[PDB]
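Single chain ahead, by itself, as C-alpha coordinates, in the form deposited in one PDB entry.
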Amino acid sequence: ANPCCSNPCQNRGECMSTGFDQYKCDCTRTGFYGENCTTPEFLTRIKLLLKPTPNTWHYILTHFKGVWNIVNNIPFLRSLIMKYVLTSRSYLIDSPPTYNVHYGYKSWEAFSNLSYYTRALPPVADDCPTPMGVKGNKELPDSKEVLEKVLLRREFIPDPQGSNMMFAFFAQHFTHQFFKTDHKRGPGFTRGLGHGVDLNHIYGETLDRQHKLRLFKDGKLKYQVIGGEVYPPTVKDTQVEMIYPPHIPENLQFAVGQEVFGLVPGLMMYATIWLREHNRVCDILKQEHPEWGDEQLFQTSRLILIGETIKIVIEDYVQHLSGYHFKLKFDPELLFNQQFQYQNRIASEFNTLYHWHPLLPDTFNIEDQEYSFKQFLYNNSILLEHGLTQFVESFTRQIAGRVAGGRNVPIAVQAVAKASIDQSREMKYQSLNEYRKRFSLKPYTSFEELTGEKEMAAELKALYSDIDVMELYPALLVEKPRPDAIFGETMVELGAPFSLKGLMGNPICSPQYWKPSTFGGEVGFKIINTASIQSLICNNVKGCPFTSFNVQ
(Lines give C-alpha, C1' and ligand atoms only; values in the text may rest on other atoms or scores of the structure.)
Protein backbone atom coordinates (compact mmCIF):
# COMPACT_ATOMS: atom_id res chain seq x y z
CA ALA A 1 0.00 0.00 0.00
CA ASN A 2 0.85 3.58 -0.14
CA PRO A 3 3.91 4.30 1.86
CA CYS A 4 2.28 7.60 2.47
CA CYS A 5 -0.76 5.93 4.03
CA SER A 6 0.72 6.27 7.52
CA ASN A 7 0.59 10.03 7.32
CA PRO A 8 4.22 10.47 8.13
CA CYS A 9 4.81 14.07 7.14
CA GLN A 10 4.32 16.57 9.95
CA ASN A 11 3.98 20.36 10.06
CA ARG A 12 2.19 20.61 6.70
CA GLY A 13 4.90 18.70 4.86
CA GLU A 14 3.72 16.72 1.82
CA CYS A 15 4.18 12.97 1.38
CA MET A 16 5.18 11.66 -2.00
CA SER A 17 5.99 8.14 -2.78
CA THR A 18 9.39 7.23 -4.03
CA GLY A 19 8.79 3.55 -4.67
CA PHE A 20 6.21 0.94 -3.71
CA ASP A 21 7.29 1.02 -0.06
CA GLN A 22 9.15 4.34 0.06
CA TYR A 23 8.10 7.93 0.75
CA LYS A 24 9.64 11.40 0.80
CA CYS A 25 8.38 14.42 2.75
CA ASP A 26 8.58 17.89 1.19
CA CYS A 27 9.44 20.35 3.96
CA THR A 28 9.37 23.38 1.66
CA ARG A 29 8.60 26.51 3.70
CA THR A 30 7.26 24.57 6.68
CA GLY A 31 9.82 25.89 9.15
CA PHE A 32 10.92 22.29 9.69
CA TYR A 33 13.37 19.84 8.15
CA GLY A 34 14.23 16.17 8.58
CA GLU A 35 12.72 12.93 7.30
CA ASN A 36 9.12 13.75 8.26
CA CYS A 37 9.66 17.51 8.70
CA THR A 38 10.06 17.51 12.49
CA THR A 39 13.41 19.20 13.14
CA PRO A 40 12.56 22.89 13.71
CA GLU A 41 14.68 25.75 12.40
CA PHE A 42 16.07 28.20 14.96
CA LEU A 43 13.52 30.92 14.17
CA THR A 44 10.82 28.24 14.23
CA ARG A 45 12.00 27.13 17.65
CA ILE A 46 11.62 30.75 18.76
CA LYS A 47 8.14 31.16 17.26
CA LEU A 48 7.09 27.82 18.78
CA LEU A 49 8.20 29.15 22.17
CA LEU A 50 6.50 32.53 21.79
CA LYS A 51 3.09 31.75 20.41
CA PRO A 52 0.49 31.19 23.07
CA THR A 53 -2.36 28.77 22.84
CA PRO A 54 -5.74 29.07 21.26
CA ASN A 55 -7.09 28.52 24.73
CA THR A 56 -4.89 31.38 25.91
CA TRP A 57 -6.23 33.75 23.25
CA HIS A 58 -9.82 32.80 24.03
CA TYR A 59 -9.37 33.63 27.71
CA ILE A 60 -8.08 37.14 26.99
CA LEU A 61 -10.78 37.94 24.44
CA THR A 62 -13.50 36.68 26.79
CA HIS A 63 -12.17 38.43 29.89
CA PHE A 64 -10.95 41.92 30.83
CA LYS A 65 -14.14 43.45 29.41
CA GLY A 66 -13.45 46.82 31.02
CA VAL A 67 -10.07 47.06 29.33
CA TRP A 68 -11.67 45.89 26.08
CA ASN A 69 -14.25 48.66 26.50
CA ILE A 70 -11.26 50.97 26.23
CA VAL A 71 -9.74 49.11 23.27
CA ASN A 72 -13.07 49.13 21.42
CA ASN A 73 -12.99 52.94 21.48
CA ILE A 74 -9.44 53.41 20.20
CA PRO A 75 -9.74 53.26 16.36
CA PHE A 76 -6.07 52.64 15.50
CA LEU A 77 -5.69 49.95 18.16
CA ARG A 78 -9.10 48.50 17.29
CA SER A 79 -8.08 48.47 13.63
CA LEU A 80 -4.65 47.12 14.59
CA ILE A 81 -6.09 44.08 16.36
CA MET A 82 -8.70 43.32 13.70
CA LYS A 83 -5.86 43.42 11.17
CA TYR A 84 -4.05 40.67 13.07
CA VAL A 85 -7.29 38.73 13.48
CA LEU A 86 -7.84 38.67 9.72
CA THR A 87 -4.23 37.98 8.72
CA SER A 88 -3.17 35.39 11.31
CA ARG A 89 -6.16 33.17 10.56
CA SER A 90 -5.76 33.34 6.78
CA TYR A 91 -2.52 31.40 6.44
CA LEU A 92 -4.24 28.18 7.50
CA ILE A 93 -6.06 28.05 4.16
CA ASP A 94 -4.46 27.10 0.84
CA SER A 95 -5.12 29.79 -1.77
CA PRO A 96 -5.27 28.88 -4.68
CA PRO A 97 -6.92 25.62 -3.44
CA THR A 98 -5.23 22.21 -3.62
CA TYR A 99 -6.97 18.89 -2.95
CA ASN A 100 -10.49 17.50 -3.30
CA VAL A 101 -12.22 14.16 -2.64
CA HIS A 102 -10.70 12.44 -5.69
CA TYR A 103 -7.20 13.93 -5.67
CA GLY A 104 -4.84 13.51 -2.72
CA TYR A 105 -2.31 15.36 -4.82
CA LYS A 106 -2.23 18.75 -6.55
CA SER A 107 -3.54 18.63 -10.09
CA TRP A 108 -5.19 20.90 -12.66
CA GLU A 109 -8.40 18.89 -12.43
CA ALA A 110 -8.52 19.54 -8.69
CA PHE A 111 -7.87 23.27 -9.14
CA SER A 112 -9.96 24.11 -12.21
CA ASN A 113 -13.06 21.98 -11.57
CA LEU A 114 -15.36 24.20 -9.49
CA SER A 115 -17.95 21.45 -8.97
CA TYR A 116 -15.71 20.09 -6.20
CA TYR A 117 -15.57 21.07 -2.57
CA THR A 118 -11.87 21.62 -1.91
CA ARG A 119 -10.01 19.88 0.92
CA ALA A 120 -7.91 21.20 3.80
CA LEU A 121 -6.47 17.70 4.10
CA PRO A 122 -6.21 15.21 1.21
CA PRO A 123 -8.48 12.12 1.34
CA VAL A 124 -7.08 8.86 2.69
CA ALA A 125 -5.93 6.66 -0.21
CA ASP A 126 -8.31 3.93 -1.37
CA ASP A 127 -5.65 1.24 -0.95
CA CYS A 128 -4.92 2.05 2.69
CA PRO A 129 -5.43 -0.89 5.07
CA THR A 130 -7.60 1.12 7.45
CA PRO A 131 -10.14 3.84 6.98
CA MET A 132 -7.71 6.27 8.48
CA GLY A 133 -4.53 4.99 7.00
CA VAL A 134 -2.88 2.41 9.12
CA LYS A 135 -4.36 2.98 12.54
CA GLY A 136 -7.49 1.42 14.01
CA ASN A 137 -9.38 -1.67 12.87
CA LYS A 138 -10.38 -2.74 9.36
CA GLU A 139 -13.71 -0.95 9.78
CA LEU A 140 -14.82 2.06 11.83
CA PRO A 141 -17.45 1.59 14.59
CA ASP A 142 -21.17 1.54 13.79
CA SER A 143 -22.40 5.08 13.13
CA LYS A 144 -25.71 4.22 14.79
CA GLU A 145 -23.81 3.20 17.92
CA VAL A 146 -21.79 6.43 18.03
CA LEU A 147 -24.92 8.47 17.24
CA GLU A 148 -27.18 6.92 19.88
CA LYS A 149 -24.60 6.78 22.68
CA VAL A 150 -22.85 10.16 22.69
CA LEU A 151 -24.71 12.29 20.12
CA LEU A 152 -28.49 11.84 20.44
CA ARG A 153 -30.37 14.24 22.70
CA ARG A 154 -31.71 13.09 25.99
CA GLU A 155 -32.75 16.20 27.84
CA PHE A 156 -32.51 19.53 26.01
CA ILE A 157 -29.18 21.25 26.72
CA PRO A 158 -29.60 25.02 26.16
CA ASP A 159 -26.78 27.22 24.84
CA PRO A 160 -24.93 29.00 27.68
CA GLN A 161 -24.05 31.86 25.30
CA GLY A 162 -27.78 32.39 24.79
CA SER A 163 -28.11 31.82 21.04
CA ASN A 164 -31.68 32.16 19.79
CA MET A 165 -33.62 30.89 16.78
CA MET A 166 -32.85 34.08 14.87
CA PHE A 167 -29.23 32.97 15.06
CA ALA A 168 -30.05 29.38 14.12
CA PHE A 169 -32.03 30.15 10.96
CA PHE A 170 -29.60 32.87 9.92
CA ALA A 171 -26.72 30.38 9.96
CA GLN A 172 -28.89 27.97 7.99
CA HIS A 173 -29.98 30.64 5.51
CA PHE A 174 -26.57 32.29 5.20
CA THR A 175 -24.29 29.27 4.81
CA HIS A 176 -26.60 27.54 2.33
CA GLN A 177 -25.59 29.90 -0.46
CA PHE A 178 -22.30 28.01 -0.66
CA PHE A 179 -23.27 24.74 1.03
CA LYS A 180 -25.25 23.34 -1.90
CA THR A 181 -24.19 19.70 -2.15
CA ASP A 182 -24.64 17.99 -5.52
CA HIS A 183 -26.16 14.73 -4.28
CA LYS A 184 -26.41 13.35 -7.81
CA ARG A 185 -22.61 13.35 -7.97
CA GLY A 186 -21.73 12.84 -4.31
CA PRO A 187 -21.05 14.60 -0.98
CA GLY A 188 -17.73 16.01 -2.23
CA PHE A 189 -19.48 18.04 -4.92
CA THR A 190 -21.18 21.44 -4.73
CA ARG A 191 -23.65 23.28 -6.96
CA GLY A 192 -22.43 26.57 -5.54
CA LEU A 193 -19.94 27.44 -8.27
CA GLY A 194 -19.66 30.91 -6.75
CA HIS A 195 -17.87 29.30 -3.80
CA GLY A 196 -18.68 32.19 -1.49
CA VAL A 197 -21.09 34.97 -0.57
CA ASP A 198 -22.73 35.74 -3.92
CA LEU A 199 -26.26 35.77 -2.48
CA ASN A 200 -27.32 33.21 -5.08
CA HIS A 201 -29.66 31.86 -2.41
CA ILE A 202 -31.63 35.04 -3.10
CA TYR A 203 -30.97 35.70 -6.78
CA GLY A 204 -30.20 32.28 -8.24
CA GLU A 205 -27.25 30.07 -9.15
CA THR A 206 -27.78 30.67 -12.87
CA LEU A 207 -28.66 33.71 -14.98
CA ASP A 208 -31.75 31.90 -16.28
CA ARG A 209 -33.12 31.44 -12.76
CA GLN A 210 -32.36 35.07 -11.88
CA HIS A 211 -34.35 36.52 -14.78
CA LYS A 212 -37.41 34.53 -13.71
CA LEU A 213 -37.21 36.05 -10.23
CA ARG A 214 -36.60 39.63 -11.37
CA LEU A 215 -39.37 42.15 -11.98
CA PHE A 216 -37.31 43.91 -14.66
CA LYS A 217 -38.56 47.27 -13.43
CA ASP A 218 -36.49 49.61 -11.24
CA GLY A 219 -34.10 46.71 -10.60
CA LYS A 220 -36.51 44.91 -8.31
CA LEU A 221 -37.27 41.19 -7.81
CA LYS A 222 -40.79 39.84 -8.24
CA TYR A 223 -43.08 39.59 -5.21
CA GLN A 224 -46.71 39.12 -4.18
CA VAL A 225 -49.03 40.85 -1.73
CA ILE A 226 -50.81 38.68 0.83
CA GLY A 227 -52.77 40.33 3.63
CA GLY A 228 -50.94 43.54 2.76
CA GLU A 229 -47.62 41.86 3.48
CA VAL A 230 -44.80 41.44 0.96
CA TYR A 231 -43.88 37.81 0.27
CA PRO A 232 -41.93 35.97 -2.47
CA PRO A 233 -43.76 35.13 -5.72
CA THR A 234 -45.16 31.70 -6.61
CA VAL A 235 -43.72 28.81 -8.62
CA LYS A 236 -46.66 29.08 -11.02
CA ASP A 237 -46.10 32.80 -11.57
CA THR A 238 -42.35 32.39 -12.18
CA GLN A 239 -41.64 28.73 -13.09
CA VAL A 240 -38.38 28.67 -11.22
CA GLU A 241 -38.05 25.16 -9.84
CA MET A 242 -38.62 24.69 -6.12
CA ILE A 243 -38.56 21.59 -3.94
CA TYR A 244 -41.98 20.94 -2.42
CA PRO A 245 -44.27 18.07 -1.43
CA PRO A 246 -46.75 17.84 -4.35
CA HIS A 247 -49.65 18.43 -1.92
CA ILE A 248 -48.55 21.98 -1.12
CA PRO A 249 -51.06 24.62 -2.33
CA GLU A 250 -49.88 26.71 -5.29
CA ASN A 251 -50.16 30.02 -3.45
CA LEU A 252 -47.93 28.58 -0.73
CA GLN A 253 -45.21 27.44 -3.14
CA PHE A 254 -42.94 30.46 -2.87
CA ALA A 255 -40.04 30.93 -5.28
CA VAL A 256 -36.67 32.15 -4.01
CA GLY A 257 -33.02 31.91 -5.04
CA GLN A 258 -32.33 28.69 -3.15
CA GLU A 259 -34.54 25.80 -4.22
CA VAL A 260 -34.73 24.18 -0.78
CA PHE A 261 -35.62 27.24 1.31
CA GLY A 262 -39.22 26.02 1.25
CA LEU A 263 -38.11 23.28 3.65
CA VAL A 264 -38.61 25.24 6.87
CA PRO A 265 -40.52 28.54 7.38
CA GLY A 266 -37.46 29.80 9.25
CA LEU A 267 -35.56 29.93 5.97
CA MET A 268 -38.54 31.45 4.18
CA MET A 269 -38.53 34.15 6.85
CA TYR A 270 -35.07 35.44 5.97
CA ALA A 271 -35.79 34.75 2.30
CA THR A 272 -38.72 37.15 2.63
CA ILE A 273 -36.69 39.65 4.65
CA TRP A 274 -33.75 39.66 2.24
CA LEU A 275 -36.13 40.05 -0.69
CA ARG A 276 -37.74 43.10 0.91
CA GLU A 277 -34.26 44.49 1.56
CA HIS A 278 -33.41 44.29 -2.16
CA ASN A 279 -36.49 46.31 -3.20
CA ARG A 280 -35.73 48.82 -0.53
CA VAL A 281 -32.18 49.48 -1.70
CA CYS A 282 -33.57 49.72 -5.23
CA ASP A 283 -35.89 52.53 -4.16
CA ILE A 284 -32.99 54.31 -2.46
CA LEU A 285 -30.74 53.95 -5.51
CA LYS A 286 -33.49 55.29 -7.77
CA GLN A 287 -33.83 58.15 -5.30
CA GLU A 288 -30.25 59.13 -6.08
CA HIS A 289 -30.06 57.85 -9.66
CA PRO A 290 -33.25 58.65 -11.62
CA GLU A 291 -31.14 58.28 -14.78
CA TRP A 292 -30.41 54.61 -14.06
CA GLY A 293 -32.14 51.73 -15.82
CA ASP A 294 -33.49 48.47 -14.39
CA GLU A 295 -30.33 46.46 -15.07
CA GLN A 296 -27.93 48.72 -13.17
CA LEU A 297 -30.32 49.27 -10.26
CA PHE A 298 -30.39 45.49 -9.82
CA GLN A 299 -26.67 44.75 -10.13
CA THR A 300 -25.83 47.59 -7.73
CA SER A 301 -28.47 46.50 -5.22
CA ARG A 302 -26.94 43.02 -5.29
CA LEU A 303 -23.40 44.20 -4.52
CA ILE A 304 -24.79 46.29 -1.67
CA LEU A 305 -26.71 43.36 -0.17
CA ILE A 306 -23.56 41.26 -0.48
CA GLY A 307 -21.71 43.84 1.60
CA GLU A 308 -24.67 44.07 3.96
CA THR A 309 -24.40 40.32 4.50
CA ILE A 310 -20.66 40.33 5.23
CA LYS A 311 -21.13 43.35 7.51
CA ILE A 312 -23.81 41.62 9.59
CA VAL A 313 -21.99 38.28 9.71
CA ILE A 314 -18.80 39.79 11.14
CA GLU A 315 -20.14 42.41 13.57
CA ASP A 316 -23.32 40.62 14.59
CA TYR A 317 -23.25 36.95 13.76
CA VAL A 318 -19.59 36.10 14.36
CA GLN A 319 -19.47 38.72 17.12
CA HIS A 320 -22.07 36.79 19.12
CA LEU A 321 -20.83 33.18 18.94
CA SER A 322 -17.23 34.30 19.51
CA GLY A 323 -18.18 35.67 22.92
CA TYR A 324 -15.47 38.27 22.46
CA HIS A 325 -15.47 41.50 24.45
CA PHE A 326 -13.39 42.85 21.58
CA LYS A 327 -15.77 44.52 19.15
CA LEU A 328 -15.13 43.16 15.66
CA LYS A 329 -14.91 45.23 12.49
CA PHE A 330 -15.76 44.68 8.84
CA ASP A 331 -13.17 46.85 7.10
CA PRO A 332 -11.45 45.74 3.84
CA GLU A 333 -8.96 48.62 4.07
CA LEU A 334 -7.16 46.68 6.80
CA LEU A 335 -5.96 44.15 4.22
CA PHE A 336 -4.69 46.59 1.59
CA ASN A 337 -1.17 46.70 3.03
CA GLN A 338 -1.20 42.97 3.56
CA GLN A 339 -0.64 39.93 1.46
CA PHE A 340 -4.02 38.45 0.85
CA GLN A 341 -5.72 36.57 -1.92
CA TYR A 342 -9.12 37.83 -2.90
CA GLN A 343 -10.49 34.42 -3.86
CA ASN A 344 -12.07 31.44 -2.11
CA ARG A 345 -12.94 27.79 -2.64
CA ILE A 346 -15.42 26.11 -0.29
CA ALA A 347 -13.93 23.18 1.60
CA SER A 348 -15.66 19.89 2.35
CA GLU A 349 -14.46 20.08 5.95
CA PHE A 350 -16.01 23.52 6.42
CA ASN A 351 -19.40 22.13 5.39
CA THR A 352 -18.69 19.27 7.78
CA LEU A 353 -18.20 21.27 11.00
CA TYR A 354 -21.20 23.40 10.03
CA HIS A 355 -23.68 20.59 10.67
CA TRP A 356 -24.85 22.31 13.85
CA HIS A 357 -27.63 19.78 14.46
CA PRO A 358 -27.67 20.31 18.24
CA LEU A 359 -28.65 23.95 17.58
CA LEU A 360 -32.14 22.69 16.71
CA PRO A 361 -34.81 22.72 19.47
CA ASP A 362 -37.42 20.08 20.34
CA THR A 363 -40.34 22.29 19.37
CA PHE A 364 -40.63 25.49 17.34
CA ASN A 365 -42.27 28.06 19.60
CA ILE A 366 -44.09 30.89 17.85
CA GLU A 367 -46.24 33.40 19.76
CA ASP A 368 -48.17 30.97 21.98
CA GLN A 369 -47.69 27.83 19.91
CA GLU A 370 -45.34 24.85 19.99
CA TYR A 371 -44.74 23.09 16.68
CA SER A 372 -43.10 19.69 16.27
CA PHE A 373 -40.66 18.96 13.43
CA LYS A 374 -43.46 17.22 11.53
CA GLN A 375 -45.68 20.31 11.69
CA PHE A 376 -42.96 22.83 10.88
CA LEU A 377 -41.47 21.13 7.80
CA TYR A 378 -42.71 22.48 4.45
CA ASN A 379 -45.46 24.52 6.09
CA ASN A 380 -45.35 28.14 4.92
CA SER A 381 -48.94 28.65 6.09
CA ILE A 382 -47.37 29.01 9.54
CA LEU A 383 -45.53 32.08 8.25
CA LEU A 384 -48.65 33.66 6.74
CA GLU A 385 -50.53 32.97 9.97
CA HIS A 386 -48.25 34.83 12.39
CA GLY A 387 -46.45 37.12 9.94
CA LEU A 388 -42.81 38.22 10.01
CA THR A 389 -43.29 40.45 13.06
CA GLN A 390 -44.52 37.69 15.36
CA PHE A 391 -41.93 35.40 13.76
CA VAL A 392 -38.99 37.62 14.69
CA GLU A 393 -40.37 38.47 18.14
CA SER A 394 -40.80 34.77 18.93
CA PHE A 395 -37.53 33.49 17.46
CA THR A 396 -35.63 36.21 19.33
CA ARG A 397 -37.03 34.71 22.54
CA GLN A 398 -36.69 30.98 21.88
CA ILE A 399 -33.26 29.60 22.79
CA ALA A 400 -31.13 27.13 20.83
CA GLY A 401 -29.27 24.02 21.95
CA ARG A 402 -25.59 23.57 22.76
CA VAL A 403 -23.51 22.28 19.85
CA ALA A 404 -20.52 21.00 21.83
CA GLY A 405 -20.79 19.08 25.09
CA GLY A 406 -22.25 15.82 23.84
CA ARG A 407 -25.70 14.23 23.62
CA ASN A 408 -27.77 17.08 22.21
CA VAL A 409 -28.75 16.03 18.69
CA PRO A 410 -32.57 16.09 18.44
CA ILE A 411 -33.70 12.56 17.59
CA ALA A 412 -36.02 13.91 14.90
CA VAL A 413 -32.98 14.64 12.72
CA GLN A 414 -30.97 11.59 13.82
CA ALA A 415 -30.73 10.31 10.24
CA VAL A 416 -29.19 13.59 9.09
CA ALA A 417 -26.62 13.46 11.89
CA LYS A 418 -25.81 9.85 11.01
CA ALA A 419 -25.44 10.93 7.39
CA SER A 420 -22.82 13.51 8.38
CA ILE A 421 -20.89 10.68 10.04
CA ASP A 422 -21.38 8.40 7.03
CA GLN A 423 -20.58 10.98 4.34
CA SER A 424 -17.35 12.02 6.05
CA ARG A 425 -16.35 8.35 6.03
CA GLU A 426 -17.33 8.03 2.37
CA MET A 427 -15.20 11.08 1.55
CA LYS A 428 -12.20 9.35 3.16
CA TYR A 429 -11.70 11.99 5.87
CA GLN A 430 -8.56 11.87 7.99
CA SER A 431 -8.84 11.60 11.77
CA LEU A 432 -9.59 14.36 14.28
CA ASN A 433 -5.98 14.58 15.48
CA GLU A 434 -4.66 14.93 11.93
CA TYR A 435 -6.99 17.89 11.43
CA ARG A 436 -5.85 19.40 14.73
CA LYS A 437 -2.18 19.18 13.74
CA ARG A 438 -3.18 20.62 10.37
CA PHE A 439 -4.54 23.69 12.15
CA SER A 440 -1.66 23.97 14.64
CA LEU A 441 -3.55 22.35 17.52
CA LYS A 442 -2.15 19.81 19.98
CA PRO A 443 -3.31 16.21 19.37
CA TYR A 444 -5.66 14.91 22.07
CA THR A 445 -4.00 12.18 24.13
CA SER A 446 -7.14 10.56 25.54
CA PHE A 447 -10.89 10.49 24.94
CA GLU A 448 -11.27 12.01 28.41
CA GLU A 449 -9.13 15.02 27.51
CA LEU A 450 -11.36 15.46 24.46
CA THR A 451 -14.52 15.64 26.56
CA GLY A 452 -13.21 16.73 29.96
CA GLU A 453 -15.57 14.08 31.28
CA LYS A 454 -15.57 10.34 32.00
CA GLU A 455 -18.95 8.90 30.96
CA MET A 456 -19.02 9.68 27.21
CA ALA A 457 -15.23 9.33 26.96
CA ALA A 458 -15.53 5.73 28.12
CA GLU A 459 -18.27 5.13 25.56
CA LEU A 460 -15.99 6.45 22.82
CA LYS A 461 -12.95 4.44 23.91
CA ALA A 462 -14.98 1.23 23.70
CA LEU A 463 -15.92 2.17 20.14
CA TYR A 464 -12.74 3.63 18.62
CA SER A 465 -10.16 2.05 20.97
CA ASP A 466 -7.51 4.60 19.92
CA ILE A 467 -7.66 8.40 20.13
CA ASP A 468 -5.78 8.67 16.82
CA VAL A 469 -8.70 6.92 15.12
CA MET A 470 -11.40 9.27 16.42
CA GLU A 471 -13.51 10.90 13.70
CA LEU A 472 -13.76 14.67 13.25
CA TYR A 473 -17.52 15.30 13.12
CA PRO A 474 -18.68 13.38 16.21
CA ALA A 475 -15.75 14.86 18.15
CA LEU A 476 -17.08 18.37 17.49
CA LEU A 477 -20.48 17.65 19.02
CA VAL A 478 -18.93 16.09 22.13
CA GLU A 479 -15.78 18.10 22.49
CA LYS A 480 -15.39 19.64 25.89
CA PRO A 481 -17.14 22.91 25.53
CA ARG A 482 -15.07 25.91 26.17
CA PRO A 483 -16.11 27.65 29.29
CA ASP A 484 -19.76 28.47 29.21
CA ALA A 485 -19.52 28.59 25.49
CA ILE A 486 -21.21 26.85 22.66
CA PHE A 487 -18.14 25.34 20.98
CA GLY A 488 -14.91 23.55 21.80
CA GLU A 489 -11.39 24.44 20.68
CA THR A 490 -11.46 22.39 17.48
CA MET A 491 -14.69 23.90 16.16
CA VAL A 492 -13.42 27.48 16.38
CA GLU A 493 -9.78 26.92 15.38
CA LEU A 494 -10.80 25.03 12.24
CA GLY A 495 -13.89 27.01 11.26
CA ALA A 496 -12.54 30.53 11.79
CA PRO A 497 -9.92 30.37 9.01
CA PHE A 498 -12.47 28.90 6.58
CA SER A 499 -14.95 31.64 7.41
CA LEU A 500 -12.89 34.84 7.33
CA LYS A 501 -11.35 33.69 4.05
CA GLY A 502 -14.69 33.29 2.28
CA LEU A 503 -15.81 36.68 3.58
CA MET A 504 -12.80 38.91 2.96
CA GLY A 505 -11.88 36.89 -0.12
CA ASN A 506 -14.84 38.53 -1.84
CA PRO A 507 -14.12 40.78 -4.86
CA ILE A 508 -16.03 43.66 -3.23
CA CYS A 509 -13.41 43.70 -0.47
CA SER A 510 -10.62 44.20 -3.00
CA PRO A 511 -9.27 47.78 -3.30
CA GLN A 512 -10.61 48.19 -6.85
CA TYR A 513 -14.14 47.40 -5.68
CA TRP A 514 -14.20 48.81 -2.15
CA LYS A 515 -15.14 52.35 -3.20
CA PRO A 516 -18.37 54.45 -3.22
CA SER A 517 -18.79 54.39 -7.02
CA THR A 518 -19.09 50.59 -7.02
CA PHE A 519 -22.15 50.79 -4.79
CA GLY A 520 -23.83 53.77 -6.43
CA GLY A 521 -22.27 56.57 -4.40
CA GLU A 522 -21.80 57.39 -0.73
CA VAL A 523 -25.49 56.75 -0.05
CA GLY A 524 -25.30 53.14 -1.21
CA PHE A 525 -21.83 52.77 0.31
CA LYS A 526 -23.26 53.85 3.68
CA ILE A 527 -25.91 51.15 3.56
CA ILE A 528 -23.19 48.51 3.72
CA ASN A 529 -21.01 50.15 6.38
CA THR A 530 -23.97 50.75 8.72
CA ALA A 531 -25.67 47.41 8.12
CA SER A 532 -26.84 45.36 11.10
CA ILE A 533 -29.30 42.55 11.85
CA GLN A 534 -31.40 44.99 13.88
CA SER A 535 -31.85 47.50 11.05
CA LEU A 536 -32.36 44.64 8.59
CA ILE A 537 -35.46 43.71 10.57
CA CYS A 538 -36.38 47.29 11.50
CA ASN A 539 -36.49 48.26 7.83
CA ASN A 540 -38.22 45.17 6.42
CA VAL A 541 -40.28 43.70 9.26
CA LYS A 542 -43.54 45.46 10.17
CA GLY A 543 -43.49 47.47 13.39
CA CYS A 544 -39.69 47.30 13.63
CA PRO A 545 -39.42 44.75 16.47
CA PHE A 546 -36.24 44.55 18.55
CA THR A 547 -34.07 41.65 17.44
CA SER A 548 -30.71 40.02 18.14
CA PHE A 549 -28.78 36.76 18.08
CA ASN A 550 -29.05 36.68 21.86
CA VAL A 551 -31.98 36.21 24.25
CA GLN A 552 -32.75 39.01 26.72
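In this text, residue numbers run from 1 along the sequence as written.
* When the C-alpha temperature factors are averaged for each of 250-258 and 367-375, which stretch ends up with the higher value in the entry? -> According to the PDB entry, the answer is 367-375.
* 122-130 or 200-208, whichever carries the higher mean Cα B-factor -> Comparing 200-208 with 122-130, the higher mean C-alpha B-factor belongs to 122-130.
* **Selection from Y116, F170, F298, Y84 [criterion: highest C-alpha temperature factor in the record]** => Spelled out: the listed residue with the top C-alpha B-factor is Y84.
* To do: Check the PDB entry and point out which of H102, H195, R89, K180 has the largest C-alpha temperature factor.
  => Answer for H102, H195, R89, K180: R89, with the highest C-alpha B-factor.
* Within-chain third of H320 by Cα B-factor, per the entry -> Within its chain, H320 is a middle-third residue by C-alpha B-factor, going by the deposited values.
* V523, C-alpha B-factor rank within chain (lowest, middle or highest third) -> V523: CA B-factor falls in the middle third of its chain.
* Report the third (lowest, middle or highest) to which the CA temperature factor of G488 belongs, ranking only the modelled residues of the same chain. => Middle third, going by the recorded CA B-factors of the chain.
* Asked: Where does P245 sit by CA temperature factor within its chain: lowest, middle or highest third?
  -> Highest third - that is where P245 ends up once the chain's C-alpha B-factors are sorted.
* Thinking about Cα B factors across the chain, which third does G31 belong to? -> According to the entry, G31 has a C-alpha B-factor in the chain's middle third.
Separately, the form deposited with a small molecule bound exists; it is not shown, and the next lines address it.
* Applying a 4.5 Å heavy atom distance criterion, does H183 contact the small molecule in the deposited bound form? -> Answer yes; at least one heavy atom of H183 falls within 4.5 Å of the small molecule in the deposited bound form.
* So in the deposited bound form, does any heavy atom of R302 sit within 4.5 Å of the small molecule? -> No, no contact at 4.5 Å.
* To do: Give a yes/no on whether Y244 approaches the small molecule to within 4.5 Å in the deposited bound form, heavy atoms considered.
  => No, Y244 is distant from the partner.
* Asked: Is there any non-hydrogen atom of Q172 lying within 4.5 Å of the small molecule in the deposited bound form?
  -> Heavy-atom contact with the small molecule at 4.5 Å: present for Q172.
* Please determine, with the chain shown alone, which of 221-229, 122-130, 411-419, 275-283 has non-hydrogen atoms within 4.5 Å of the small molecule in the deposited bound form. => Heavy-atom contact with the partner occurs in 411-419.
* Residue among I306, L263, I467, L297 with a heavy atom within 4.5 Å of the small molecule in the deposited bound form -> None of the other options qualify; the answer is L263.
* Asked: Considering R78, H357, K428, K311, which brings a non-hydrogen atom within 4.5 Å of the small molecule in the deposited bound form?
  -> In short, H357.
* **All of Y513, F525 and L536 with a heavy atom within 4.5 Å of the small molecule in the deposited bound form** => No, because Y513, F525 and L536 lack any heavy atom that approaches the small molecule to within 4.5 Å in the deposited bound form.
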